[PDB]
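Asks: Next up, work.cif (mmCIF, C-alpha atoms and all ligand atoms; chains and numbers go by the auth columns).
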```
data_my_file
loop_
_atom_site.group_PDB
_atom_site.id
_atom_site.type_symbol
_atom_site.label_atom_id
_atom_site.label_comp_id
_atom_site.label_asym_id
_atom_site.label_seq_id
_atom_site.Cartn_x
_atom_site.Cartn_y
_atom_site.Cartn_z
_atom_site.B_iso_or_equiv
_atom_site.auth_seq_id
_atom_site.auth_asym_id
ATOM 1 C CA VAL A 1 -0.788 4.911 11.473 0.00 3 B
ATOM 2 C CA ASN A 2 1.806 5.038 8.679 0.00 4 B
ATOM 3 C CA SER A 3 5.248 6.586 8.171 0.00 5 B
ATOM 4 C CA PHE A 4 4.314 9.457 5.826 0.00 6 B
ATOM 5 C CA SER A 5 5.403 12.828 7.231 0.00 7 B
ATOM 6 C CA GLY A 6 4.707 16.515 6.627 0.00 8 B
ATOM 7 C CA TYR A 7 1.593 16.120 4.458 0.00 9 B
ATOM 8 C CA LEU A 8 -1.328 18.518 4.463 0.00 10 B
ATOM 9 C CA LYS A 9 -4.698 16.738 4.839 0.00 11 B
ATOM 10 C CA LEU A 10 -7.161 17.693 2.099 0.00 12 B
ATOM 11 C CA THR A 11 -9.977 15.197 2.808 0.00 13 B
ATOM 12 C CA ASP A 12 -10.646 12.042 4.809 0.00 14 B
ATOM 13 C CA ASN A 13 -8.274 10.094 2.531 0.00 15 B
ATOM 14 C CA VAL A 14 -6.128 12.492 0.434 0.00 16 B
ATOM 15 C CA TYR A 15 -2.884 14.075 1.663 0.00 17 B
ATOM 16 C CA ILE A 16 -0.548 16.410 -0.269 0.00 18 B
ATOM 17 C CA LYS A 17 3.057 17.630 -0.009 0.00 19 B
ATOM 18 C CA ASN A 18 5.663 19.545 -2.034 0.00 20 B
ATOM 19 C CA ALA A 19 8.208 16.735 -2.476 0.00 21 B
ATOM 20 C CA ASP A 20 10.389 14.700 -4.872 0.00 22 B
ATOM 21 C CA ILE A 21 8.653 11.328 -5.253 0.00 23 B
ATOM 22 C CA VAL A 22 11.982 9.552 -5.790 0.00 24 B
ATOM 23 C CA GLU A 23 13.360 10.840 -2.493 0.00 25 B
ATOM 24 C CA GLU A 24 10.022 10.259 -0.753 0.00 26 B
ATOM 25 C CA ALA A 25 9.854 6.636 -1.916 0.00 27 B
ATOM 26 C CA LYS A 26 13.447 5.955 -0.847 0.00 28 B
ATOM 27 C CA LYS A 27 12.662 7.346 2.618 0.00 29 B
ATOM 28 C CA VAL A 28 9.256 5.743 3.215 0.00 30 B
ATOM 29 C CA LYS A 29 9.711 2.580 1.124 0.00 31 B
ATOM 30 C CA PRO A 30 5.920 2.500 0.732 0.00 32 B
ATOM 31 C CA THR A 31 3.979 -0.598 -0.173 0.00 33 B
ATOM 32 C CA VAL A 32 2.941 1.056 -3.459 0.00 34 B
ATOM 33 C CA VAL A 33 4.501 3.887 -5.444 0.00 35 B
ATOM 34 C CA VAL A 34 2.540 5.060 -8.482 0.00 36 B
ATOM 35 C CA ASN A 35 4.374 5.739 -11.737 0.00 37 B
ATOM 36 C CA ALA A 36 3.066 8.225 -14.300 0.00 38 B
ATOM 37 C CA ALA A 37 3.442 5.690 -17.101 0.00 39 B
ATOM 38 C CA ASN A 38 2.683 5.521 -20.805 0.00 40 B
ATOM 39 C CA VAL A 39 1.154 2.512 -22.565 0.00 41 B
ATOM 40 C CA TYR A 40 4.564 1.263 -23.754 0.00 42 B
ATOM 41 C CA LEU A 41 6.133 1.631 -20.303 0.00 43 B
ATOM 42 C CA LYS A 42 8.928 3.709 -21.868 0.00 44 B
ATOM 43 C CA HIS A 43 10.176 5.599 -18.823 0.00 45 B
ATOM 44 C CA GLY A 44 11.951 8.454 -20.533 0.00 46 B
ATOM 45 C CA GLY A 45 11.036 11.653 -18.714 0.00 47 B
ATOM 46 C CA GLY A 46 8.889 13.174 -16.033 0.00 48 B
ATOM 47 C CA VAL A 47 8.158 11.068 -12.966 0.00 49 B
ATOM 48 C CA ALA A 48 8.699 7.876 -14.968 0.00 50 B
ATOM 49 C CA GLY A 49 12.186 8.825 -16.112 0.00 51 B
ATOM 50 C CA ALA A 50 13.119 9.873 -12.575 0.00 52 B
ATOM 51 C CA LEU A 51 11.792 6.704 -10.907 0.00 53 B
ATOM 52 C CA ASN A 52 13.490 4.527 -13.496 0.00 54 B
ATOM 53 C CA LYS A 53 16.825 6.345 -13.110 0.00 55 B
ATOM 54 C CA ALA A 54 16.652 5.752 -9.352 0.00 56 B
ATOM 55 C CA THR A 55 16.322 1.990 -10.036 0.00 57 B
ATOM 56 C CA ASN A 56 19.478 2.031 -12.198 0.00 58 B
ATOM 57 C CA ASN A 57 17.265 1.124 -15.230 0.00 59 B
ATOM 58 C CA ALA A 58 15.944 -2.076 -13.597 0.00 60 B
ATOM 59 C CA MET A 59 12.402 -0.703 -13.900 0.00 61 B
ATOM 60 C CA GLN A 60 12.874 -0.312 -17.667 0.00 62 B
ATOM 61 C CA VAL A 61 14.328 -3.823 -18.061 0.00 63 B
ATOM 62 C CA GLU A 62 11.375 -5.334 -16.187 0.00 64 B
ATOM 63 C CA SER A 63 8.936 -3.167 -18.151 0.00 65 B
ATOM 64 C CA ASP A 64 10.340 -4.225 -21.535 0.00 66 B
ATOM 65 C CA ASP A 65 9.779 -7.873 -20.609 0.00 67 B
ATOM 66 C CA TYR A 66 6.229 -7.030 -19.477 0.00 68 B
ATOM 67 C CA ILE A 67 5.408 -5.357 -22.818 0.00 69 B
ATOM 68 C CA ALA A 68 7.022 -8.141 -24.852 0.00 70 B
ATOM 69 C CA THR A 69 4.698 -10.614 -23.113 0.00 71 B
ATOM 70 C CA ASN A 70 1.491 -8.603 -22.719 0.00 72 B
ATOM 71 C CA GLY A 71 1.524 -5.741 -25.212 0.00 73 B
ATOM 72 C CA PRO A 72 0.786 -2.114 -24.376 0.00 74 B
ATOM 73 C CA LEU A 73 -1.452 -0.912 -21.588 0.00 75 B
ATOM 74 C CA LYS A 74 -4.665 1.012 -22.234 0.00 76 B
ATOM 75 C CA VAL A 75 -4.888 4.743 -21.610 0.00 77 B
ATOM 76 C CA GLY A 76 -6.631 4.796 -18.227 0.00 78 B
ATOM 77 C CA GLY A 77 -5.195 1.380 -17.345 0.00 79 B
ATOM 78 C CA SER A 78 -2.457 0.068 -15.097 0.00 80 B
ATOM 79 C CA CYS A 79 -0.243 -2.834 -14.172 0.00 81 B
ATOM 80 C CA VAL A 80 1.524 -3.849 -10.956 0.00 82 B
ATOM 81 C CA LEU A 81 5.263 -4.477 -11.242 0.00 83 B
ATOM 82 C CA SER A 82 8.162 -4.496 -8.801 0.00 84 B
ATOM 83 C CA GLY A 83 8.976 -1.413 -6.764 0.00 85 B
ATOM 84 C CA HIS A 84 12.694 -2.304 -6.953 0.00 86 B
ATOM 85 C CA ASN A 85 14.672 -0.273 -4.378 0.00 87 B
ATOM 86 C CA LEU A 86 11.896 2.328 -4.025 0.00 88 B
ATOM 87 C CA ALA A 87 8.804 0.457 -2.786 0.00 89 B
ATOM 88 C CA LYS A 88 7.408 -3.044 -2.536 0.00 90 B
ATOM 89 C CA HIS A 89 5.356 -2.553 -5.716 0.00 91 B
ATOM 90 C CA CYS A 90 5.084 0.010 -8.480 0.00 92 B
ATOM 91 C CA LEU A 91 1.597 0.648 -9.854 0.00 93 B
ATOM 92 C CA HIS A 92 2.193 1.921 -13.401 0.00 94 B
ATOM 93 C CA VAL A 93 -0.867 4.043 -14.252 0.00 95 B
ATOM 94 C CA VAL A 94 -1.489 5.625 -17.664 0.00 96 B
ATOM 95 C CA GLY A 95 -3.252 8.956 -17.485 0.00 97 B
ATOM 96 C CA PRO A 96 -4.261 10.636 -20.739 0.00 98 B
ATOM 97 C CA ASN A 97 -1.465 12.685 -22.340 0.00 99 B
ATOM 98 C CA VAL A 98 -3.013 15.919 -23.620 0.00 100 B
ATOM 99 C CA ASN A 99 0.123 16.570 -25.673 0.00 101 B
ATOM 100 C CA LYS A 100 -0.907 13.450 -27.643 0.00 102 B
ATOM 101 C CA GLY A 101 -4.564 14.480 -27.996 0.00 103 B
ATOM 102 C CA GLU A 102 -5.908 11.914 -25.521 0.00 104 B
ATOM 103 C CA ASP A 103 -9.315 12.250 -23.879 0.00 105 B
ATOM 104 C CA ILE A 104 -9.054 14.022 -20.518 0.00 106 B
ATOM 105 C CA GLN A 105 -12.191 12.131 -19.444 0.00 107 B
ATOM 106 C CA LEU A 106 -9.945 9.055 -19.110 0.00 108 B
ATOM 107 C CA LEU A 107 -8.271 10.695 -16.098 0.00 109 B
ATOM 108 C CA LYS A 108 -11.051 9.422 -13.833 0.00 110 B
ATOM 109 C CA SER A 109 -10.550 5.870 -15.121 0.00 111 B
ATOM 110 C CA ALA A 110 -6.822 6.225 -14.453 0.00 112 B
ATOM 111 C CA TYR A 111 -7.395 7.258 -10.830 0.00 113 B
ATOM 112 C CA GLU A 112 -9.848 4.358 -10.303 0.00 114 B
ATOM 113 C CA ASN A 113 -6.829 2.029 -10.401 0.00 115 B
ATOM 114 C CA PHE A 114 -5.722 3.518 -7.065 0.00 116 B
ATOM 115 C CA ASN A 115 -8.793 2.029 -5.339 0.00 117 B
ATOM 116 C CA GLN A 116 -7.287 -1.464 -5.652 0.00 118 B
ATOM 117 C CA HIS A 117 -4.617 -0.487 -3.080 0.00 119 B
ATOM 118 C CA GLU A 118 -5.218 0.541 0.524 0.00 120 B
ATOM 119 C CA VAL A 119 -2.368 3.101 0.672 0.00 121 B
ATOM 120 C CA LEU A 120 -0.306 4.688 -2.123 0.00 122 B
ATOM 121 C CA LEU A 121 2.406 7.278 -2.709 0.00 123 B
ATOM 122 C CA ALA A 122 1.570 8.976 -5.998 0.00 124 B
ATOM 123 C CA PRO A 123 1.998 11.946 -8.336 0.00 125 B
ATOM 124 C CA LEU A 124 -0.839 13.897 -9.892 0.00 126 B
ATOM 125 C CA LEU A 125 -1.838 11.937 -12.990 0.00 127 B
ATOM 126 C CA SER A 126 -1.680 13.717 -16.354 0.00 128 B
ATOM 127 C CA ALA A 127 0.152 16.691 -14.752 0.00 129 B
ATOM 128 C CA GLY A 128 3.667 17.833 -15.621 0.00 130 B
ATOM 129 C CA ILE A 129 4.757 16.762 -19.094 0.00 131 B
ATOM 130 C CA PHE A 130 1.410 15.001 -19.691 0.00 132 B
ATOM 131 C CA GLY A 131 -0.082 18.470 -20.214 0.00 133 B
ATOM 132 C CA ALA A 132 -3.301 18.434 -18.176 0.00 134 B
ATOM 133 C CA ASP A 133 -4.387 21.080 -15.687 0.00 135 B
ATOM 134 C CA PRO A 134 -3.031 19.982 -12.276 0.00 136 B
ATOM 135 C CA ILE A 135 -5.874 21.699 -10.407 0.00 137 B
ATOM 136 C CA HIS A 136 -8.184 19.473 -12.430 0.00 138 B
ATOM 137 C CA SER A 137 -6.053 16.404 -11.703 0.00 139 B
ATOM 138 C CA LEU A 138 -6.219 17.018 -7.948 0.00 140 B
ATOM 139 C CA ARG A 139 -9.992 17.503 -8.135 0.00 141 B
ATOM 140 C CA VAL A 140 -10.461 14.228 -10.028 0.00 142 B
ATOM 141 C CA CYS A 141 -8.189 12.469 -7.535 0.00 143 B
ATOM 142 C CA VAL A 142 -10.195 13.676 -4.535 0.00 144 B
ATOM 143 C CA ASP A 143 -13.501 12.806 -6.222 0.00 145 B
ATOM 144 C CA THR A 144 -12.381 9.331 -7.422 0.00 146 B
ATOM 145 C CA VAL A 145 -9.855 7.783 -5.031 0.00 147 B
ATOM 146 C CA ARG A 146 -11.354 6.334 -1.850 0.00 148 B
ATOM 147 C CA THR A 147 -8.214 4.635 -0.521 0.00 149 B
ATOM 148 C CA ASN A 148 -5.455 6.541 1.285 0.00 150 B
ATOM 149 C CA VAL A 149 -3.343 8.521 -1.176 0.00 151 B
ATOM 150 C CA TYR A 150 -0.233 10.571 -0.382 0.00 152 B
ATOM 151 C CA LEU A 151 0.358 12.998 -3.261 0.00 153 B
ATOM 152 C CA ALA A 152 3.837 14.353 -3.999 0.00 154 B
ATOM 153 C CA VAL A 153 4.210 17.320 -5.687 0.00 155 B
ATOM 154 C CA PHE A 154 7.518 18.047 -7.403 0.00 156 B
ATOM 155 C CA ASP A 155 7.386 21.828 -7.765 0.00 157 B
ATOM 156 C CA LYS A 156 7.275 23.823 -4.532 0.00 158 B
ATOM 157 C CA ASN A 157 5.550 26.714 -6.308 0.00 159 B
ATOM 158 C CA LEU A 158 2.978 24.320 -7.772 0.00 160 B
ATOM 159 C CA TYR A 159 1.802 22.970 -4.688 0.00 161 B
ATOM 160 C CA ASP A 160 0.998 26.357 -3.130 0.00 162 B
ATOM 161 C CA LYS A 161 -1.586 27.023 -5.867 0.00 163 B
ATOM 162 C CA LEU A 162 -3.261 23.619 -5.448 0.00 164 B
ATOM 163 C CA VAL A 163 -3.599 24.153 -1.694 0.00 165 B
ATOM 164 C CA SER A 164 -4.772 27.762 -1.868 0.00 166 B
ATOM 165 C CA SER A 165 -7.312 26.991 -4.597 0.00 167 B
ATOM 166 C CA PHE A 166 -8.360 23.670 -3.077 0.00 168 B
ATOM 167 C CA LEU A 167 -12.099 23.618 -2.518 0.00 169 B
HETATM 168 O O1 LIG B . 2.202 15.499 -11.752 0.00 1 S
HETATM 169 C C1 LIG B . 3.486 14.963 -11.776 0.00 1 S
HETATM 170 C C2 LIG B . 4.459 16.179 -11.701 0.00 1 S
HETATM 171 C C3 LIG B . 4.188 17.096 -12.927 0.00 1 S
HETATM 172 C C4 LIG B . 4.692 18.515 -12.993 0.00 1 S
HETATM 173 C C5 LIG B . 6.056 18.805 -13.079 0.00 1 S
HETATM 174 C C6 LIG B . 6.484 20.125 -13.153 0.00 1 S
HETATM 175 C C7 LIG B . 5.541 21.119 -13.154 0.00 1 S
HETATM 176 I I1 LIG B . 6.140 23.013 -13.285 0.00 1 S
HETATM 177 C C8 LIG B . 4.189 20.891 -13.083 0.00 1 S
HETATM 178 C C9 LIG B . 3.763 19.562 -13.000 0.00 1 S
HETATM 179 N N1 LIG B . 5.848 15.654 -11.736 0.00 1 S
HETATM 180 C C10 LIG B . 6.466 15.127 -10.611 0.00 1 S
HETATM 181 N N2 LIG B . 5.738 15.075 -9.453 0.00 1 S
HETATM 182 C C11 LIG B . 6.359 14.554 -8.351 0.00 1 S
HETATM 183 N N3 LIG B . 7.613 14.082 -8.253 0.00 1 S
HETATM 184 C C12 LIG B . 8.308 14.142 -9.420 0.00 1 S
HETATM 185 N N4 LIG B . 9.615 13.718 -9.606 0.00 1 S
HETATM 186 C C13 LIG B . 9.968 13.956 -10.943 0.00 1 S
HETATM 187 C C14 LIG B . 8.887 14.517 -11.593 0.00 1 S
HETATM 188 C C15 LIG B . 7.815 14.656 -10.653 0.00 1 S
HETATM 189 CL CL CL B . 6.391 15.631 -15.235 0.00 2 S
#
```
Go ahead and render the structure in this file as structure tokens.
Replies:
Amino acid sequence: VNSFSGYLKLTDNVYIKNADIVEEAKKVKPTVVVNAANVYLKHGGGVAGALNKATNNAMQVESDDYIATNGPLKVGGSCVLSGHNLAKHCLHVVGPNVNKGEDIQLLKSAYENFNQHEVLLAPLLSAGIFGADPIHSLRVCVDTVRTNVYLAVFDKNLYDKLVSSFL
């Protein structure tokens, strides 16, 4: 039993809700919140910009030190950093950004990072400003993640289509 509330159950391990991940993380304070990151950990817009703003830029400060030490992530890769005031940990995961011409096949690799954590609050990878088809992202999530994932979906209208078309 966990403290997530109001989610629709899609499969044995995937749950979905129309919600603002910033507000959800502040309420639940989950062990792991997933950020829709880029390889440079520049949290400018989308989920990343919103999560970073909610940390008063502490996420960006920590991320800049991470990159200065380690260099950029790989597309499809991840790193674990602090969750600041939002969660215990933040798993920064880089899905492919179609608006940069990146290979959508890397979306499965991106979701594989979730399997290293028993329970996660997460957005749909490569959706929103990353330019992939969200119906595809949900399908890859369900077919790749085996741990317990609570998906927040920003747009109330978007959410209804994913549910109604969910196979
Ligand atoms: O897949 C991630 C999703 C992308 C998306 C945005 C808008 C439309 I229209 C269609 C897709 N963005 C978010 N999901 C959950 N919480 C969020 N907080 C801030 C942004 C955000
Ligand atoms: Cl977005």
Asks: With a cut-off of 8 Å, could you pull out the residues of chain B touching ligand CL 2 (chain S) and give me the nearest pair of atoms for each, distance in Å to one decimal, using all atoms listed in the file, ordered by chain and ascending number, as JSON lines?
Replies:
```
{"residue": "B:47", "atom": "CA", "partner": "S:CL2", "partner_atom": "CL", "distance": 7.0}
{"residue": "B:48", "atom": "CA", "partner": "S:CL2", "partner_atom": "CL", "distance": 3.6}
{"residue": "B:49", "atom": "CA", "partner": "S:CL2", "partner_atom": "CL", "distance": 5.4}
{"residue": "B:129", "atom": "CA", "partner": "S:CL2", "partner_atom": "CL", "distance": 6.3}
{"residue": "B:130", "atom": "CA", "partner": "S:CL2", "partner_atom": "CL", "distance": 3.5}
{"residue": "B:131", "atom": "CA", "partner": "S:CL2", "partner_atom": "CL", "distance": 4.3}
{"residue": "B:132", "atom": "CA", "partner": "S:CL2", "partner_atom": "CL", "distance": 6.7}
```
Asks: Would you kindly return, as a ChimeraX atom specification, each protein, DNA or RNA residue with an atom no farther than 10 Å from any atom of residue 157 (chain B), considering only C-alpha atoms and excluding same-chain residues fewer than 3 positions away?
Replies: /B:19-22,130,154,160-162
Asks: Quick one: which residues end up in the PyMOL selection byres (((chain B and resi 97) around 10) and not hetatm) for this structure, as a PyMOL selection string?
Replies: chain B and resi 38-41+76-80+94-96+98-100+104-113+126-129+132+134+139
Asks: Closest to ligand LIG 1 (chain S) among B:33, B:58, B:117, B:159, using only C-alpha atoms and all ligand atoms?
Replies: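 Once distances to ligand LIG 1 (chain S) are computed over only C-alpha atoms and all ligand atoms, the minimum belongs to B:159.
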Asks: Residues within 12 Å of (-6.1, 12.7, -7.9), file coordinates, counting all atoms listed in the file: what are they? Give the list as number ranges by chain.
Replies: B: 12-13, 15-18, 36, 95, 97, 109-117, 122-129, 135-155, 164
Asks: Check what the PyMOL selection byres (((chain B and resi 59-74) around 9) and not hetatm) selects in the file above and give those residues as a ChimeraX atom specification.
Replies: /B:40-45,53-58,75-76,83-86
Asks: Using all atoms listed in the file, which residue out of B:51, B:10, B:31, B:133 lies closest to residue 103 (chain B)?
Replies: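 That would be B:133, the residue with the smallest distance to residue 103 (chain B).
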Asks: Taking all listed atoms of ligand LIG 1 (chain S), build the axis-aligned box, pad each of the six sides by 6 Å, then write its centre and edge lengths in Å to one decimal as JSON.
Replies:
```
{"center_x": 6.1, "center_y": 18.4, "center_z": -10.8, "size_x": 19.8, "size_y": 21.3, "size_z": 17.0}
```
Asks: For ligand LIG 1 (chain S), which residue out of B:52, B:82, B:165, B:3 is the nearest one, using all atoms listed in the file?
Replies: B:52
Asks: Which value, in Å to one decimal, gives the distance between atom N2 of ligand LIG 1 (chain S) and CA of residue 101 (chain B)?
Replies: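 A separation of 17.2 Å between them.
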Asks: Report, in Å to a single decimal, how far apart CA of residue 90 (chain B) and CA of residue 32 (chain B) are.
Replies: 6.6 Å
Asks: So, with only C-alpha atoms and all ligand atoms as the atoms that count, which of B:50, B:121, B:166, B:156 lies closest to ligand LIG 1 (chain S)?
Replies: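 Looking at the shortest contact to ligand LIG 1 (chain S), the residue is B:156.
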Asks: Quick one: pull the distance between CA of residue 8 (chain B) and atom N2 of ligand LIG 1 (chain S), Å, one decimal.
Replies: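 These two atoms are separated by 16.2 Å.
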Asks: Given the choices B:6, B:87, B:46, B:11, which gets closest to ligand LIG 1 (chain S) if the distance is worked out from all atoms listed in the file?
Replies: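 Selected residue with least distance to ligand LIG 1 (chain S): B:46.
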Asks: Start from the incomplete input, build N, CA, C and O atoms for region 15-30 of chain B, and deliver everything as an mmCIF file, in the coordinates of the input.
Replies:
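Saved as out_19.cif:
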```
data_model
loop_
_atom_site.group_PDB
_atom_site.id
_atom_site.type_symbol
_atom_site.label_atom_id
_atom_site.label_comp_id
_atom_site.auth_asym_id
_atom_site.auth_seq_id
_atom_site.Cartn_x
_atom_site.Cartn_y
_atom_site.Cartn_z
ATOM 1 N N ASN B 15 -9.189 11.096 3.068
ATOM 2 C CA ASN B 15 -8.274 10.094 2.531
ATOM 3 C C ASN B 15 -7.167 10.626 1.629
ATOM 4 O O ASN B 15 -6.339 9.822 1.185
ATOM 5 N N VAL B 16 -7.120 11.925 1.339
ATOM 6 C CA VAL B 16 -6.128 12.492 0.434
ATOM 7 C C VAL B 16 -5.240 13.467 1.197
ATOM 8 O O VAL B 16 -5.733 14.365 1.895
ATOM 9 N N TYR B 17 -3.930 13.291 1.022
ATOM 10 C CA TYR B 17 -2.884 14.075 1.663
ATOM 11 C C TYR B 17 -1.919 14.574 0.589
ATOM 12 O O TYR B 17 -1.784 13.938 -0.459
ATOM 13 N N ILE B 18 -1.328 15.761 0.787
ATOM 14 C CA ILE B 18 -0.548 16.410 -0.269
ATOM 15 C C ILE B 18 0.692 17.091 0.310
ATOM 16 O O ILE B 18 0.666 17.623 1.424
ATOM 17 N N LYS B 19 1.780 17.092 -0.465
ATOM 18 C CA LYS B 19 3.057 17.630 -0.009
ATOM 19 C C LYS B 19 3.871 18.079 -1.216
ATOM 20 O O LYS B 19 3.763 17.496 -2.298
ATOM 21 N N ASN B 20 4.681 19.127 -1.028
ATOM 22 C CA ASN B 20 5.663 19.545 -2.034
ATOM 23 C C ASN B 20 6.923 18.698 -1.842
ATOM 24 O O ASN B 20 7.718 18.952 -0.934
ATOM 25 N N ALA B 21 7.117 17.686 -2.694
ATOM 26 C CA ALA B 21 8.208 16.735 -2.476
ATOM 27 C C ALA B 21 8.603 16.034 -3.774
ATOM 28 O O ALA B 21 7.824 15.967 -4.730
ATOM 29 N N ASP B 22 9.837 15.499 -3.774
ATOM 30 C CA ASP B 22 10.389 14.700 -4.872
ATOM 31 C C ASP B 22 10.037 13.237 -4.616
ATOM 32 O O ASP B 22 10.517 12.639 -3.648
ATOM 33 N N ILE B 23 9.206 12.661 -5.490
ATOM 34 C CA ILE B 23 8.653 11.328 -5.253
ATOM 35 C C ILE B 23 9.749 10.273 -5.175
ATOM 36 O O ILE B 23 9.607 9.273 -4.460
ATOM 37 N N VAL B 24 10.856 10.475 -5.892
ATOM 38 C CA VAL B 24 11.982 9.552 -5.790
ATOM 39 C C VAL B 24 12.532 9.549 -4.371
ATOM 40 O O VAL B 24 12.718 8.491 -3.755
ATOM 41 N N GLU B 25 12.816 10.740 -3.840
ATOM 42 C CA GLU B 25 13.360 10.840 -2.493
ATOM 43 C C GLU B 25 12.342 10.393 -1.454
ATOM 44 O O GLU B 25 12.703 9.761 -0.454
ATOM 45 N N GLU B 26 11.063 10.701 -1.677
ATOM 46 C CA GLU B 26 10.022 10.259 -0.753
ATOM 47 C C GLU B 26 9.941 8.736 -0.713
ATOM 48 O O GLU B 26 9.874 8.133 0.363
ATOM 49 N N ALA B 27 9.952 8.093 -1.883
ATOM 50 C CA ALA B 27 9.854 6.636 -1.916
ATOM 51 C C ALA B 27 11.052 5.990 -1.233
ATOM 52 O O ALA B 27 10.896 5.041 -0.457
ATOM 53 N N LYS B 28 12.258 6.504 -1.492
ATOM 54 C CA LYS B 28 13.447 5.955 -0.847
ATOM 55 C C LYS B 28 13.358 6.068 0.670
ATOM 56 O O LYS B 28 13.800 5.168 1.393
ATOM 57 N N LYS B 29 12.765 7.154 1.174
ATOM 58 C CA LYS B 29 12.662 7.346 2.618
ATOM 59 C C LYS B 29 11.583 6.453 3.223
ATOM 60 O O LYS B 29 11.822 5.763 4.221
ATOM 61 N N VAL B 30 10.381 6.477 2.645
ATOM 62 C CA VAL B 30 9.256 5.743 3.215
ATOM 63 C C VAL B 30 9.303 4.262 2.854
ATOM 64 O O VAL B 30 8.869 3.414 3.644
#
```
